[PDB]
>>> print(open('query34.txt').read())   # compact mmCIF, C-alpha atoms and all ligand atoms
# COMPACT_ATOMS: atom_id res chain seq x y z
CA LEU A 24 -24.04 11.09 -8.16
CA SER A 25 -24.06 7.64 -9.78
CA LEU A 26 -25.34 9.60 -12.80
CA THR A 27 -22.05 11.48 -12.83
CA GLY A 28 -20.54 7.95 -12.53
CA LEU A 29 -22.70 6.34 -15.24
CA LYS A 30 -21.75 8.95 -17.86
CA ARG A 31 -18.09 8.53 -16.90
CA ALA A 32 -18.26 4.80 -17.61
CA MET A 33 -19.95 5.57 -20.93
CA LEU A 34 -17.27 7.97 -22.23
CA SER A 35 -14.63 5.69 -20.73
CA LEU A 36 -15.80 2.79 -22.92
CA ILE A 37 -16.18 5.01 -25.98
CA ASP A 38 -12.63 6.37 -25.82
CA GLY A 39 -10.26 4.31 -23.74
CA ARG A 40 -9.55 7.43 -21.81
CA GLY A 41 -10.43 8.56 -18.30
CA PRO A 42 -9.44 7.30 -14.82
CA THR A 43 -7.03 4.39 -14.72
CA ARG A 44 -9.02 2.48 -12.11
CA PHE A 45 -12.37 3.14 -13.78
CA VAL A 46 -11.08 1.64 -17.12
CA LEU A 47 -9.71 -1.30 -15.14
CA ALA A 48 -13.04 -1.62 -13.23
CA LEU A 49 -14.74 -1.64 -16.65
CA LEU A 50 -12.39 -4.35 -17.84
CA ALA A 51 -13.12 -6.50 -14.75
CA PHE A 52 -16.86 -6.06 -15.39
CA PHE A 53 -16.44 -6.94 -19.06
CA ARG A 54 -14.80 -10.15 -17.86
CA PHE A 55 -17.25 -10.89 -14.99
CA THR A 56 -20.08 -10.62 -17.50
CA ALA A 57 -19.09 -12.69 -20.54
CA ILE A 58 -18.81 -9.56 -22.73
CA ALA A 59 -16.05 -8.70 -25.26
CA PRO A 60 -14.59 -5.30 -24.21
CA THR A 61 -14.40 -2.32 -26.58
CA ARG A 62 -11.18 -1.90 -28.56
CA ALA A 63 -10.62 1.43 -26.78
CA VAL A 64 -10.80 -0.28 -23.37
CA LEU A 65 -8.67 -3.21 -24.42
CA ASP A 66 -6.13 -0.78 -25.96
CA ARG A 67 -5.71 0.83 -22.58
CA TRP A 68 -5.24 -2.45 -20.69
CA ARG A 69 -2.03 -2.95 -22.70
CA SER A 70 -0.71 0.51 -21.79
CA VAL A 71 -1.50 0.94 -18.08
CA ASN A 72 1.46 1.21 -15.70
CA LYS A 73 2.18 -2.28 -14.31
CA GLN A 74 2.60 -0.99 -10.75
CA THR A 75 -0.59 1.12 -10.72
CA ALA A 76 -2.54 -1.54 -12.62
CA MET A 77 -1.70 -4.05 -9.90
CA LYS A 78 -2.54 -1.61 -7.09
CA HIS A 79 -6.04 -1.30 -8.46
CA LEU A 80 -6.76 -4.93 -9.41
CA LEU A 81 -5.66 -5.89 -5.90
CA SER A 82 -8.20 -3.62 -4.26
CA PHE A 83 -10.88 -4.99 -6.55
CA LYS A 84 -9.96 -8.40 -5.19
CA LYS A 85 -10.40 -6.87 -1.74
CA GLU A 86 -13.81 -5.46 -2.60
CA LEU A 87 -14.98 -8.84 -3.87
CA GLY A 88 -13.87 -10.24 -0.55
CA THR A 89 -16.14 -7.96 1.51
CA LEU A 90 -19.00 -8.94 -0.81
CA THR A 91 -18.24 -12.62 -0.39
CA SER A 92 -17.83 -12.66 3.42
CA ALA A 93 -21.06 -10.62 3.48
CA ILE A 94 -22.98 -13.47 1.80
CA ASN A 95 -21.46 -16.01 4.24
CA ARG A 96 -23.92 -15.02 7.02
CA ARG B 40 -34.21 -6.71 -12.85
CA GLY B 41 -32.27 -9.24 -15.12
CA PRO B 42 -29.47 -11.88 -14.84
CA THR B 43 -28.28 -12.67 -11.28
CA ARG B 44 -24.62 -12.61 -12.36
CA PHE B 45 -25.04 -9.36 -14.24
CA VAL B 46 -26.58 -7.56 -11.25
CA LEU B 47 -23.82 -8.89 -9.03
CA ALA B 48 -21.15 -7.91 -11.58
CA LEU B 49 -22.74 -4.43 -11.56
CA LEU B 50 -22.53 -4.41 -7.77
CA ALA B 51 -18.85 -5.39 -7.90
CA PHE B 52 -18.20 -2.62 -10.36
CA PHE B 53 -20.10 -0.10 -8.19
CA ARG B 54 -17.79 -1.05 -5.36
CA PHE B 55 -14.56 -1.09 -7.44
CA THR B 56 -15.40 2.39 -8.65
CA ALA B 57 -16.28 4.33 -5.54
CA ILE B 58 -19.93 4.68 -6.72
CA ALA B 59 -23.09 4.36 -4.58
CA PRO B 60 -25.25 1.67 -6.28
CA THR B 61 -28.84 2.36 -7.35
CA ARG B 62 -31.58 1.33 -4.94
CA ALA B 63 -32.88 -1.24 -7.48
CA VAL B 64 -29.39 -2.87 -7.59
CA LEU B 65 -28.92 -2.76 -3.81
CA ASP B 66 -32.48 -4.14 -3.35
CA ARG B 67 -31.57 -7.26 -5.29
CA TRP B 68 -28.26 -7.83 -3.44
CA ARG B 69 -30.35 -8.51 -0.33
CA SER B 70 -32.53 -11.06 -2.18
CA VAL B 71 -30.00 -13.15 -4.17
CA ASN B 72 -29.86 -16.88 -3.42
CA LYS B 73 -26.92 -17.28 -0.99
CA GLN B 74 -25.61 -20.35 -2.89
CA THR B 75 -25.80 -18.80 -6.39
CA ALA B 76 -24.56 -15.43 -5.13
CA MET B 77 -21.44 -17.18 -3.81
CA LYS B 78 -20.86 -19.18 -6.98
CA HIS B 79 -20.76 -15.93 -8.95
CA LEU B 80 -18.67 -13.77 -6.65
CA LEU B 81 -16.17 -16.61 -6.53
CA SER B 82 -15.82 -16.64 -10.30
CA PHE B 83 -15.35 -12.88 -10.26
CA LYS B 84 -12.45 -13.40 -7.87
CA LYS B 85 -11.06 -15.91 -10.33
CA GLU B 86 -11.31 -13.51 -13.24
CA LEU B 87 -9.54 -10.77 -11.30
CA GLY B 88 -6.88 -13.45 -10.74
CA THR B 89 -6.29 -13.94 -14.49
CA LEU B 90 -5.93 -10.19 -14.82
CA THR B 91 -3.47 -9.92 -11.98
CA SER B 92 -1.18 -12.71 -13.05
CA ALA B 93 -1.34 -11.20 -16.55
CA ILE B 94 0.13 -7.93 -15.27
CA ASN B 95 2.86 -9.78 -13.34
CA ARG B 96 4.92 -10.36 -16.49
CA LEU C 24 3.80 -16.62 22.50
CA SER C 25 4.60 -18.16 19.07
CA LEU C 26 6.29 -21.23 20.70
CA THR C 27 2.88 -21.71 22.33
CA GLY C 28 1.51 -21.45 18.80
CA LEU C 29 4.26 -23.75 17.54
CA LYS C 30 3.54 -26.66 19.89
CA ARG C 31 -0.10 -25.97 19.10
CA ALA C 32 0.70 -26.39 15.41
CA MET C 33 2.85 -29.53 15.87
CA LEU C 34 0.01 -31.10 17.92
CA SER C 35 -2.59 -30.27 15.26
CA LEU C 36 -0.06 -31.81 12.76
CA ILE C 37 0.23 -35.31 14.11
CA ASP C 38 -3.32 -35.61 15.33
CA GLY C 39 -5.47 -33.39 13.15
CA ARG C 40 -7.52 -32.04 16.01
CA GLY C 41 -7.36 -28.51 17.47
CA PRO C 42 -8.67 -25.17 16.20
CA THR C 43 -10.58 -25.25 12.86
CA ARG C 44 -8.81 -22.32 11.38
CA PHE C 45 -5.40 -23.52 12.58
CA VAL C 46 -5.85 -26.86 10.73
CA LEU C 47 -7.08 -24.94 7.66
CA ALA C 48 -4.09 -22.55 7.96
CA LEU C 49 -1.85 -25.62 8.12
CA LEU C 50 -3.59 -26.95 5.00
CA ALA C 51 -3.03 -23.67 3.09
CA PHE C 52 0.61 -23.83 4.15
CA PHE C 53 1.02 -27.45 3.01
CA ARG C 54 -0.32 -26.31 -0.34
CA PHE C 55 1.65 -23.07 -0.56
CA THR C 56 4.84 -25.07 -0.04
CA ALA C 57 4.60 -28.11 -2.25
CA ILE C 58 4.27 -30.53 0.67
CA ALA C 59 1.79 -33.44 1.03
CA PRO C 60 -0.32 -32.95 4.19
CA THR C 61 -0.50 -35.45 7.03
CA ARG C 62 -3.37 -37.94 6.94
CA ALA C 63 -4.70 -36.37 10.15
CA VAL C 64 -4.85 -32.90 8.57
CA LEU C 65 -6.30 -34.16 5.31
CA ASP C 66 -8.93 -36.22 7.17
CA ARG C 67 -10.15 -33.03 8.91
CA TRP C 68 -10.40 -31.01 5.70
CA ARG C 69 -13.12 -33.43 4.57
CA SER C 70 -15.05 -32.95 7.84
CA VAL C 71 -14.91 -29.14 8.41
CA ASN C 72 -18.23 -27.29 8.40
CA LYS C 73 -18.78 -25.90 4.90
CA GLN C 74 -19.82 -22.48 6.20
CA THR C 75 -17.05 -22.14 8.83
CA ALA C 76 -14.44 -23.51 6.46
CA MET C 77 -15.43 -20.85 3.96
CA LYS C 78 -15.32 -18.04 6.53
CA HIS C 79 -11.72 -18.94 7.27
CA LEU C 80 -10.34 -19.50 3.81
CA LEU C 81 -11.84 -16.11 2.83
CA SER C 82 -10.01 -14.43 5.66
CA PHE C 83 -6.78 -16.08 4.51
CA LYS C 84 -7.38 -14.66 1.05
CA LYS C 85 -7.73 -11.27 2.78
CA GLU C 86 -4.49 -11.75 4.66
CA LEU C 87 -2.59 -12.57 1.49
CA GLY C 88 -4.03 -9.37 0.05
CA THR C 89 -2.48 -7.12 2.73
CA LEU C 90 0.79 -8.93 2.09
CA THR C 91 0.66 -8.40 -1.63
CA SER C 92 -0.45 -4.71 -1.64
CA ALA C 93 2.37 -4.27 0.90
CA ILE C 94 4.92 -5.47 -1.68
CA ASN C 95 3.49 -3.14 -4.30
CA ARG C 96 5.28 0.04 -3.02
CA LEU D 24 10.20 -37.38 13.52
CA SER D 25 9.11 -39.05 10.21
CA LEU D 26 8.35 -35.60 8.79
CA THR D 27 10.82 -34.43 6.11
CA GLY D 28 8.82 -31.19 5.64
CA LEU D 29 9.13 -30.15 9.29
CA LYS D 30 12.88 -30.18 10.13
CA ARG D 31 13.51 -27.32 7.63
CA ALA D 32 10.30 -25.52 8.64
CA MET D 33 12.02 -25.80 11.98
CA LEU D 34 15.18 -24.04 10.72
CA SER D 35 13.14 -21.30 8.94
CA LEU D 36 11.79 -19.57 12.13
CA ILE D 37 14.71 -20.13 14.51
CA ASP D 38 16.93 -19.30 11.44
CA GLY D 39 15.78 -16.68 8.90
CA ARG D 40 17.21 -18.39 5.82
CA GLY D 41 16.09 -21.01 3.25
CA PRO D 42 13.75 -20.97 0.19
CA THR D 43 12.14 -17.61 -0.61
CA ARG D 44 8.75 -19.26 -1.12
CA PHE D 45 8.95 -21.25 2.10
CA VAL D 46 9.75 -18.15 4.16
CA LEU D 47 6.86 -16.25 2.57
CA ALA D 48 4.54 -19.25 3.04
CA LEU D 49 5.54 -19.29 6.75
CA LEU D 50 4.81 -15.56 6.86
CA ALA D 51 1.38 -16.17 5.33
CA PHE D 52 0.74 -18.86 7.94
CA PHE D 53 1.95 -16.56 10.72
CA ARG D 54 -0.69 -14.08 9.56
CA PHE D 55 -3.53 -16.61 8.96
CA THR D 56 -3.03 -17.89 12.45
CA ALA D 57 -2.88 -14.82 14.69
CA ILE D 58 0.83 -15.44 15.46
CA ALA D 59 3.62 -12.83 15.72
CA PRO D 60 6.37 -13.96 13.29
CA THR D 61 9.97 -14.59 14.40
CA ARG D 62 12.46 -11.73 14.02
CA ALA D 63 14.41 -13.86 11.54
CA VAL D 64 11.26 -14.40 9.39
CA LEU D 65 10.18 -10.77 9.56
CA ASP D 66 13.78 -9.67 8.75
CA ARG D 67 13.60 -11.57 5.44
CA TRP D 68 10.18 -10.16 4.52
CA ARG D 69 11.85 -6.75 4.27
CA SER D 70 14.60 -8.06 1.97
CA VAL D 71 12.82 -10.33 -0.55
CA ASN D 72 13.03 -9.31 -4.21
CA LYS D 73 9.77 -7.45 -4.89
CA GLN D 74 9.17 -9.24 -8.24
CA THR D 75 9.78 -12.76 -6.85
CA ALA D 76 7.92 -11.95 -3.65
CA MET D 77 4.85 -11.03 -5.64
CA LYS D 78 5.10 -14.10 -7.93
CA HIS D 79 4.88 -16.26 -4.82
CA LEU D 80 2.15 -14.42 -2.94
CA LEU D 81 -0.02 -14.53 -6.06
CA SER D 82 0.38 -18.28 -6.33
CA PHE D 83 -0.67 -18.59 -2.68
CA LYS D 84 -3.77 -16.58 -3.53
CA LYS D 85 -4.37 -19.09 -6.29
CA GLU D 86 -3.97 -22.05 -3.93
CA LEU D 87 -6.47 -20.58 -1.46
CA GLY D 88 -8.78 -20.28 -4.49
CA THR D 89 -8.73 -24.03 -5.21
CA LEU D 90 -9.46 -24.60 -1.54
CA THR D 91 -12.43 -22.19 -1.58
CA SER D 92 -13.89 -23.50 -4.79
CA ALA D 93 -13.51 -26.94 -3.24
CA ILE D 94 -15.68 -26.12 -0.23
CA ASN D 95 -18.40 -24.60 -2.38
CA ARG D 96 -19.82 -27.99 -3.49
CA CA E 101 -5.17 8.29 -13.14
CA CA E 102 -13.15 -24.27 16.59
CL CL E 103 -13.26 9.71 -17.95
CL CL E 104 -4.70 -25.69 21.49
>>> encode(input="query34.txt", output="structure tokens")
Amino acid sequence: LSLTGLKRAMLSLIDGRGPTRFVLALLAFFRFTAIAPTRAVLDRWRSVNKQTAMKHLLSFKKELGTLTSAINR
Amino acid sequence: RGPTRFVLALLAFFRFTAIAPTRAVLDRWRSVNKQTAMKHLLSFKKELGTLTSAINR
Amino acid sequence: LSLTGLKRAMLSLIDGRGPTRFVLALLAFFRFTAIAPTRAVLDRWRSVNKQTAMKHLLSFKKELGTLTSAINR
Amino acid sequence: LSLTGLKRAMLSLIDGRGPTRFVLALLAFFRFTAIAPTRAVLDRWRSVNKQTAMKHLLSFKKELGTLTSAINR
């Protein structure tokens, strides 16, 4: 459920903890929307493993792509 | 309901996280003005870019 | 073969005609490497169909993605 | 002929060596265009310094961005 997934987001922005990619997804969204991210989320963005952090951001880029080429029709 | 960019940002997030988006969010993704929808997605791509190059150091 | 593709490229390079995405690929290349494109290539980049031109550049972006996530291991 | 930025782009494929960025740019182009890259080009792709290789690929991504953004007007 997306309810399971909402709640996750909500704890994830309260504490910076929880799934690496979720916190990164949150960060991307906090940037997409002109919103200042929570200290707990920002704190994590400075700690995440460079290699893993890139893995995830890159697939976000990919996801955006499928959304873009979708709207090209 | 609410800001075009916000709903799209939500959509992006729902795809980044492997979460199935709510019908009300999906419903709007089919209605968005092609032109404006593009403008936004493209700026998302740009923001991801800033984050990537940041982690390259 | 690729020599077929090479001669194809070289042709597209002097006279900017030939396949839309090839000329756009060339253009990406001429930007990737800091080289100033031929008048014939540049002249086409102002004429390309907005929608088609977009389709292609987006696919390039995709291609680069597979290359980058490749280097992440 | 009167193309300084060809005669080395010549070398590159029939001769695996030369600037790291150039070789990766060629690789990008060989992927954008549905062309199978030369052994000598592919050989280098396996040897490039991961860190430098990513620096370059990410700047390509950026270049494609300016080109996309451009076509959106
Ligand atoms: Ca984890
Ligand atoms: Ca064509
Ligand atoms: Cl969590
Ligand atoms: Cl041809």
>>> interface_residues(input="query34.txt", of="chain D", to="chain B", cutoff="12 Å", atoms="only C-alpha atoms", output="list in words")
residues 73, 74, 75, 76, 77, 78, 79, 80, 81, 82, 83, 84, 85, 86, 87, 88, 89, 90, 91, 92, 93, 94, 95 and 96 of chain D
>>> residues_around(input="query34.txt", residues="residue B:46", least_positions_apart="5", cutoff="9 Å", atoms="all atoms listed in the file", output="PyMOL selection string")
chain B and resi 40-41+51+64+67-68
>>> residues_near_ligand(input="query34.txt", ligand="ligand CL 104 (chain E)", cutoff="12 Å", atoms="all atoms listed in the file", output="VMD selection string")
chain C and resid 26 to 36 38 to 46
>>> atom_distance(input="query34.txt", atom1="atom CA of residue D:72", atom2="atom CA of residue D:51")
16.5 Å
>>> atom_distance(input="query34.txt", atom1="atom CA of residue A:62", atom2="atom CL of ligand CL 103 (chain E)")
15.9 Å
>>> calpha_fit_and_write(input="query34.txt", fixed="chain D", moving="chain A", output="short mmCIF file (atom, residue, chain, number, x, y, z; two decimals) with C-alpha atoms, keeping the file's coordinate frame")
data_model
loop_
_atom_site.label_atom_id
_atom_site.label_comp_id
_atom_site.auth_asym_id
_atom_site.auth_seq_id
_atom_site.Cartn_x
_atom_site.Cartn_y
_atom_site.Cartn_z
CA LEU A 24 8.48 -36.63 4.15
CA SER A 25 6.46 -33.98 6.00
CA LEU A 26 9.01 -34.67 8.77
CA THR A 27 11.72 -33.43 6.42
CA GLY A 28 9.28 -30.50 5.88
CA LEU A 29 8.49 -29.91 9.57
CA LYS A 30 12.17 -29.59 10.53
CA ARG A 31 12.69 -27.21 7.60
CA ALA A 32 9.97 -24.91 8.90
CA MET A 33 11.55 -25.08 12.36
CA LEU A 34 15.06 -24.00 11.27
CA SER A 35 13.46 -21.52 8.89
CA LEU A 36 11.75 -19.73 11.80
CA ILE A 37 14.84 -19.93 13.99
CA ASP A 38 17.14 -18.29 11.43
CA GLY A 39 15.35 -16.37 8.73
CA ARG A 40 17.20 -18.49 6.27
CA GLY A 41 16.13 -21.27 3.93
CA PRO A 42 13.82 -21.38 0.87
CA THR A 43 12.30 -18.09 -0.19
CA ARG A 44 8.81 -19.53 -0.62
CA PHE A 45 8.93 -21.52 2.61
CA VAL A 46 9.77 -18.31 4.63
CA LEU A 47 6.96 -16.54 2.78
CA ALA A 48 4.60 -19.52 3.44
CA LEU A 49 5.59 -19.21 7.11
CA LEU A 50 4.82 -15.51 7.04
CA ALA A 51 1.37 -16.14 5.50
CA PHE A 52 0.68 -18.73 8.23
CA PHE A 53 1.86 -16.34 10.93
CA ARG A 54 -0.70 -13.89 9.56
CA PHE A 55 -3.53 -16.43 9.01
CA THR A 56 -3.14 -17.47 12.64
CA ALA A 57 -3.01 -14.28 14.71
CA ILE A 58 0.64 -14.90 15.67
CA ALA A 59 3.52 -12.36 15.75
CA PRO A 60 6.28 -13.73 13.45
CA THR A 61 9.87 -14.26 14.62
CA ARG A 62 12.30 -11.39 14.07
CA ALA A 63 14.34 -13.66 11.78
CA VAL A 64 11.28 -14.30 9.58
CA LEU A 65 10.19 -10.69 9.58
CA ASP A 66 13.79 -9.63 8.76
CA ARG A 67 13.63 -11.72 5.63
CA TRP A 68 10.27 -10.35 4.46
CA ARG A 69 11.97 -6.95 4.10
CA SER A 70 14.79 -8.39 1.99
CA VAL A 71 13.10 -10.80 -0.44
CA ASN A 72 13.25 -9.92 -4.14
CA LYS A 73 10.05 -8.04 -5.04
CA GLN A 74 9.55 -10.03 -8.25
CA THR A 75 10.09 -13.47 -6.67
CA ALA A 76 8.15 -12.50 -3.54
CA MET A 77 5.14 -11.67 -5.71
CA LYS A 78 5.47 -14.87 -7.77
CA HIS A 79 5.11 -16.89 -4.60
CA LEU A 80 2.38 -14.92 -2.80
CA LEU A 81 0.35 -15.13 -6.00
CA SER A 82 0.48 -18.91 -6.08
CA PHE A 83 -0.50 -19.01 -2.43
CA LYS A 84 -3.55 -17.02 -3.44
CA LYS A 85 -4.11 -19.70 -6.08
CA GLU A 86 -3.80 -22.51 -3.56
CA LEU A 87 -6.33 -20.85 -1.27
CA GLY A 88 -8.63 -20.73 -4.25
CA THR A 89 -8.59 -24.50 -4.82
CA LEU A 90 -9.31 -24.93 -1.11
CA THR A 91 -12.19 -22.50 -1.26
CA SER A 92 -13.88 -23.85 -4.42
CA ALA A 93 -13.43 -27.29 -2.82
CA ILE A 94 -15.61 -26.28 0.15
CA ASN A 95 -18.27 -24.83 -2.22
CA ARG A 96 -19.67 -28.33 -2.99
#
>>> atom_distance(input="query34.txt", atom1="atom CA of residue A:25", atom2="atom CA of residue A:66")
25.6 Å
>>> closest_residue(input="query34.txt", among="A:65, A:47, A:24, A:71", to="residue B:61", atoms="only C-alpha atoms")
A:24
>>> build_atoms(input="query34.txt", residues="stretch 42-59 of chain A", atoms="N, CA, C and O atoms", output="PDB file, in the coordinates of the input")
ATOM      1  N   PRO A  42     -10.191   7.799 -15.974  1.00  0.00           N
ATOM      2  CA  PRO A  42      -9.440   7.300 -14.820  1.00  0.00           C
ATOM      3  C   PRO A  42      -8.975   5.868 -14.939  1.00  0.00           C
ATOM      4  O   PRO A  42      -9.740   4.964 -15.262  1.00  0.00           O
ATOM      5  N   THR A  43      -7.694   5.687 -14.650  1.00  0.00           N
ATOM      6  CA  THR A  43      -7.030   4.390 -14.720  1.00  0.00           C
ATOM      7  C   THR A  43      -7.871   3.284 -14.082  1.00  0.00           C
ATOM      8  O   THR A  43      -8.143   2.257 -14.713  1.00  0.00           O
ATOM      9  N   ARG A  44      -8.315   3.520 -12.851  1.00  0.00           N
ATOM     10  CA  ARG A  44      -9.020   2.480 -12.110  1.00  0.00           C
ATOM     11  C   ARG A  44     -10.430   2.215 -12.667  1.00  0.00           C
ATOM     12  O   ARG A  44     -10.908   1.082 -12.677  1.00  0.00           O
ATOM     13  N   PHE A  45     -11.083   3.267 -13.126  1.00  0.00           N
ATOM     14  CA  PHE A  45     -12.370   3.140 -13.780  1.00  0.00           C
ATOM     15  C   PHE A  45     -12.283   2.227 -15.041  1.00  0.00           C
ATOM     16  O   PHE A  45     -13.112   1.316 -15.193  1.00  0.00           O
ATOM     17  N   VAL A  46     -11.289   2.471 -15.923  1.00  0.00           N
ATOM     18  CA  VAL A  46     -11.080   1.640 -17.120  1.00  0.00           C
ATOM     19  C   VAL A  46     -10.778   0.194 -16.743  1.00  0.00           C
ATOM     20  O   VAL A  46     -11.268  -0.750 -17.386  1.00  0.00           O
ATOM     21  N   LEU A  47      -9.958   0.022 -15.710  1.00  0.00           N
ATOM     22  CA  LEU A  47      -9.710  -1.300 -15.140  1.00  0.00           C
ATOM     23  C   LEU A  47     -10.996  -1.920 -14.530  1.00  0.00           C
ATOM     24  O   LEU A  47     -11.315  -3.074 -14.799  1.00  0.00           O
ATOM     25  N   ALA A  48     -11.746  -1.149 -13.749  1.00  0.00           N
ATOM     26  CA  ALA A  48     -13.040  -1.620 -13.230  1.00  0.00           C
ATOM     27  C   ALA A  48     -13.932  -2.119 -14.371  1.00  0.00           C
ATOM     28  O   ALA A  48     -14.544  -3.198 -14.285  1.00  0.00           O
ATOM     29  N   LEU A  49     -13.989  -1.319 -15.438  1.00  0.00           N
ATOM     30  CA  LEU A  49     -14.740  -1.640 -16.650  1.00  0.00           C
ATOM     31  C   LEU A  49     -14.271  -2.983 -17.222  1.00  0.00           C
ATOM     32  O   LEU A  49     -15.072  -3.865 -17.542  1.00  0.00           O
ATOM     33  N   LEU A  50     -12.956  -3.128 -17.331  1.00  0.00           N
ATOM     34  CA  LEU A  50     -12.390  -4.350 -17.840  1.00  0.00           C
ATOM     35  C   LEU A  50     -12.807  -5.556 -16.999  1.00  0.00           C
ATOM     36  O   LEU A  50     -13.239  -6.573 -17.553  1.00  0.00           O
ATOM     37  N   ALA A  51     -12.689  -5.440 -15.675  1.00  0.00           N
ATOM     38  CA  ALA A  51     -13.120  -6.500 -14.750  1.00  0.00           C
ATOM     39  C   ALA A  51     -14.579  -6.851 -15.013  1.00  0.00           C
ATOM     40  O   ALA A  51     -14.912  -8.032 -15.113  1.00  0.00           O
ATOM     41  N   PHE A  52     -15.434  -5.832 -15.155  1.00  0.00           N
ATOM     42  CA  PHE A  52     -16.860  -6.060 -15.390  1.00  0.00           C
ATOM     43  C   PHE A  52     -17.104  -6.721 -16.735  1.00  0.00           C
ATOM     44  O   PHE A  52     -18.009  -7.532 -16.867  1.00  0.00           O
ATOM     45  N   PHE A  53     -16.302  -6.363 -17.728  1.00  0.00           N
ATOM     46  CA  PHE A  53     -16.440  -6.940 -19.060  1.00  0.00           C
ATOM     47  C   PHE A  53     -16.002  -8.399 -19.062  1.00  0.00           C
ATOM     48  O   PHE A  53     -16.341  -9.163 -19.962  1.00  0.00           O
ATOM     49  N   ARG A  54     -15.248  -8.776 -18.034  1.00  0.00           N
ATOM     50  CA  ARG A  54     -14.800 -10.150 -17.860  1.00  0.00           C
ATOM     51  C   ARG A  54     -15.791 -10.921 -16.978  1.00  0.00           C
ATOM     52  O   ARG A  54     -16.105 -12.079 -17.267  1.00  0.00           O
ATOM     53  N   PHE A  55     -16.283 -10.275 -15.915  1.00  0.00           N
ATOM     54  CA  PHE A  55     -17.250 -10.890 -14.990  1.00  0.00           C
ATOM     55  C   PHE A  55     -18.481 -11.341 -15.762  1.00  0.00           C
ATOM     56  O   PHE A  55     -18.876 -12.511 -15.696  1.00  0.00           O
ATOM     57  N   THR A  56     -19.094 -10.381 -16.457  1.00  0.00           N
ATOM     58  CA  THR A  56     -20.080 -10.620 -17.500  1.00  0.00           C
ATOM     59  C   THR A  56     -19.299 -11.109 -18.709  1.00  0.00           C
ATOM     60  O   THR A  56     -18.240 -10.559 -19.024  1.00  0.00           O
ATOM     61  N   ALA A  57     -19.806 -12.132 -19.389  1.00  0.00           N
ATOM     62  CA  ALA A  57     -19.090 -12.690 -20.540  1.00  0.00           C
ATOM     63  C   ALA A  57     -19.209 -11.783 -21.763  1.00  0.00           C
ATOM     64  O   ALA A  57     -19.735 -12.198 -22.782  1.00  0.00           O
ATOM     65  N   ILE A  58     -18.714 -10.552 -21.653  1.00  0.00           N
ATOM     66  CA  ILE A  58     -18.810  -9.560 -22.730  1.00  0.00           C
ATOM     67  C   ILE A  58     -17.419  -9.155 -23.266  1.00  0.00           C
ATOM     68  O   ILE A  58     -16.492  -8.884 -22.492  1.00  0.00           O
ATOM     69  N   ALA A  59     -17.285  -9.130 -24.593  1.00  0.00           N
ATOM     70  CA  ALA A  59     -16.050  -8.700 -25.260  1.00  0.00           C
ATOM     71  C   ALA A  59     -15.862  -7.175 -25.151  1.00  0.00           C
ATOM     72  O   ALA A  59     -16.666  -6.413 -25.687  1.00  0.00           O
TER      73      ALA A  59
END
